[PDB]
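Order of the sequence lines sets the chain letters (A, B, ...), proteins ahead of strands, with each chain counted from 1.
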Amino acid sequence: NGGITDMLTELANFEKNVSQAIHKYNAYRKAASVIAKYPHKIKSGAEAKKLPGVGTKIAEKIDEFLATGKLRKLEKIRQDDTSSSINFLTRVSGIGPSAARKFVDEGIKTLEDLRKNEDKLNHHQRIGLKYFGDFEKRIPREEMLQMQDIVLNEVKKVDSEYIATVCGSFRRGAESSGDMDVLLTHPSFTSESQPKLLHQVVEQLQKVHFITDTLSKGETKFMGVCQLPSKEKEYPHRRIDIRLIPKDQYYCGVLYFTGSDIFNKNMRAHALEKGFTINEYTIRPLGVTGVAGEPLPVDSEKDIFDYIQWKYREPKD
DNA sequence: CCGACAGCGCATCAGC
DNA sequence: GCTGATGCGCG
DNA sequence: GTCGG
Ligand code: NA
Ligand code: NA
């Protein structure tokens, strides 16, 4: 059902970037994915209506699509110079719905206009403009692996008590990723507790020219650009995030940023039946009254599986 | 019917 | 200068 | 836009 999900995704993107209606966005998105997993060529709006996340208005749009091959509303959207321009601009990192809108109002509409108007771009936006094409590219797995070995080894060289894990679709074993997401921790950093834990690692990664640009950086989160070394033809630049997490919240962190999103959802749901609440930071027990107690000591991803009485599940699954 | 729908780190800005 | 609000990405 | 209380 690629026609229906593409229609929907377009609707989702139009709501997010142009309408600035984040909930309609997520609703269209939820609907698409749900329809992705449906093992039959949808024949009617009503049919899809049965799905969770598919309601009356979408079932109606599905009928119109099936019947006419197109969606009238989507058509008019694409024909509207302002909507399409705003929609395109948001593809630049650091340009969200607010900036895109403001740019199209003053006649700034294209990549070329941005380059002509770099005087009006913040640092994040310039970098986003700069690597516009590379950021939309997928990172094939074998490159992730290469990138991993470098981060882990450079982190190893700074301080070897540093623990680092590359999460995301990658840890679940995907053949490609959109960026690199790295969780870092250290015995000296805890809920209760150093000045430059993240810095030394960010810095050390600049020393060997792996990290090439900085979008943001602070005591706990770094957002930036990296690139693999080449012999021969050069690699695309990639987005990399690095999170510094306290050691007593690291595995909850690892569990969270490993996903999937749908999976986490089921874990939390299950965790409830058993009398535990799980967030990005901690697992805590619930009193009979629904009152969370203190966070429980987690020394591994499995500890969490143990608490909520679940068969430990390997990231791939 | 009507509110909820993730909300957090960092960069930047408005308002003092 | 200082504090809190907002935009953004991420998810 | 869809859900659920
Ligand atoms: Na139904
Ligand atoms: Na973007």
Side-chain angles (χ1 to χ4, degrees), chain A residues 7-17 19-35 45 48-62 71 73 86 89-103 120-129 131 135-136 167-172 174 177-184 197-199 202 213-225 238-246 249 252-265 267-269 277-282:
Chain A
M7 169 184 61
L8 291 185
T9 304
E10 256 200 277
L11 291 171
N13 283 330
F14 163 84
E15 294 294 343
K16 168 170 77 76
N17 304 317
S19 276
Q20 293 177 335
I22 185 63
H23 303 114
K24 301 227 221 159
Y25 160 79
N26 273 306
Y28 276 123
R29 225 197 47 208
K30 293 179 179 179
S33 55
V34 296
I35 282 167
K49 179 50 171 303
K50 304 181 181 185
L51 302 175
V54 174
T56 301
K57 292 266 254 147
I58 283 175
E60 290 192 347
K61 281 156 175 56
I62 290 172
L71 201 69
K73 154 174 172 111
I86 298 198
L89 293 198
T90 66
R91 284 164 69 190
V92 174
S93 190
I95 300 192
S98 177
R101 200 147 206 101
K102 192 163 163 186
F103 279 142
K120 300 174 157 236
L121 259 58
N122 65 32
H123 184 56
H124 180 136
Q125 297 171 339
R126 278 164 181 145
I127 293 168
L129 166 58
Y131 302 112
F135 287 178
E136 283 186 347
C167 314
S169 52
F170 171 80
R171 203 174 168 255
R172 310 200 301 276
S177 311
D179 57 89
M180 187 175 214
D181 182 34
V182 177
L183 274 48
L184 193 73
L197 274 188
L198 182 56
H199 188 106
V202 155
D213 299 273
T214 295
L215 300 165
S216 57
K217 174 168 161 305
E219 298 286 304
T220 59
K221 181 189 267 144
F222 166 94
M223 293 179 75
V225 190
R238 312 299 195 183
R239 278 278 293 106
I240 179 182
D241 283 354
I242 301 172
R243 302 167 174 283
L244 178 65
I245 292 105
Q249 305 188 342
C252 286
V254 156
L255 181 75
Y256 181 87
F257 297 105
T258 284
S260 96
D261 289 345
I262 277 143
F263 171 83
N264 287 339
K265 191 193 78 110
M267 232 193 158
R268 293 182 183 174
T277 180
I278 300 165
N279 61 22
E280 153 187 352
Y281 310 113
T282 58

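- Following rounding to the nearest Å, A:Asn17 (CG) and C:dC10 (P) show an atom-to-atom distance of 13 Å.
- The CD-P distance, from A:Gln20 to C:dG7, rounds to 8 Å in whole Å.
- Here, C:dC8 and B:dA6 have their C1' atoms 15 Å apart, quoted to the whole Å.
- Considering only the side chain of A:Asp261, C:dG11 comes nearest among C:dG11, C:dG9, B:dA11.
- Per the geometry, NE2 belonging to A:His199 stands 16 Å off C1' belonging to B:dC10, to the nearest Å.
- The side-chain heavy atoms of A:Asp241 and A:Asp179, taken from C-beta on, include no pair separated by under 4.5 Å.
- In this entry the distance linking CG of A:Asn26 with P of B:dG7 reads 13 Å, nearest Å.
- Of all nucleotides listed (C:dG11, C:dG9, C:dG7), C:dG11 comes nearest to the side chain of A:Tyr25.
- One atom, NZ of A:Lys120, and another, P of C:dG7, lie 18 Å apart when rounded to the nearest Å.
- Minimum atom distance to the side chain of A:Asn122 is reached by B:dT12, of the listed C:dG7, B:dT12, C:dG11.
- The main-chain N or O of A:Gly94 is found under 3.5 Å from a side-chain atom of A:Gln125 such that the two form a donor-acceptor pair.
- Nearest to the side chain of A:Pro97, among C:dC8, B:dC8, C:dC10, sits C:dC8.
- Taking atom CD1 on A:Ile242 and atom P on B:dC8, their separation rounds to 23 Å, with Å as the unit.
- When the nucleotides C:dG11, C:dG7, B:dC10 are ranked by their closest atom to the side chain of A:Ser98, C:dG7 comes out on top.
- Pair assignment for B:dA6 gives none, since no Watson-Crick or G-U wobble pairing has each distance under 3.5 Å.
- Listed nucleotides B:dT12, C:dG11, C:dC10 differ in distance to A:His123; the shortest reach to its side chain belongs to B:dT12.
- What separates CG of A:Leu121 from P of B:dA11 is a distance of 17 Å, to the nearest Å.
- When all heavy atoms of A:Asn279 and A:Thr282 are compared, the pair lying nearest together is OD1-N, 2.8 Å.
- Nearest-nucleotide assignment on DNA chain B puts the 5′-proximal partner with A:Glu280, out of A:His124 and A:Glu280.
- Across all strands, A:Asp241 comes closer than 4.0 Å only to sugar-phosphate atoms, never to a base (heavy-atom distances).
- In this structure, A:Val34 reaches neither bases nor backbone, as no heavy-atom distance under 4.0 Å exists between it and the strands shown.
- Rounding to the nearest 0.5 Å gives a distance of 12.0 Å between CD of A:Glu15 and CD of A:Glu10.
- Closest to the A:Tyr256 side chain, of the nucleotides B:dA6, C:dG9, B:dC10, is B:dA6.
- In this structure, A:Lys24 reaches the bases: a heavy-atom distance under 4.0 Å links it to at least one base atom across the strands shown.
- A:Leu11 places a side-chain heavy atom less than 4.5 Å from the side chain of A:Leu71.
- Applying the side-chain contact (heavy atoms from CB on, under 4.5 Å) test between A:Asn17 and each of A:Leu89, A:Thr90, A:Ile95 identifies A:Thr90 as the sole match.
- Set against B:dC8, B:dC10, C:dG11, the side chain of A:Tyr281 has B:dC8 as its closest nucleotide.
- Residues A:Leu8 and A:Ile35 approach most closely at CD1-CD1, 3.9 Å, considering heavy atoms.
- The gap from the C1' atom of D:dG1 to that of B:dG9 amounts to 30 Å, rounded to the nearest Å.
- Using a 4.5 Å heavy-atom cutoff, the side chains of A:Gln249 and A:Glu280 are not in contact.
- Adjacent nucleotides B:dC5 and B:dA6 miss the stacking criterion of ring centres closer than 5.5 angstrom and planes inclined by less than 30 degrees.
- Between the CG atom of A:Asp181 and the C1' atom of C:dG11 there is a distance of 10 Å, rounded to whole Å.
- When DNA chain D is scanned in the 5' to 3' direction for atoms under 4.0 Å from non-hydrogen atoms of chain A, the outermost contacting nucleotides are D:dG1 to D:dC3.
- Applying the 4.0 Å criterion to OP1 and OP2 of B:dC8, one finds that A:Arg243 has every side-chain N and O outside that range.
- As judged by a 4.0 angstrom heavy-atom cut-off over every strand, A:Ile95 is placed among residues touching the sugar-phosphate backbone only.
- Residue A:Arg101 is out of contact with every strand shown, counting any heavy-atom pair closer than 4.0 Å.
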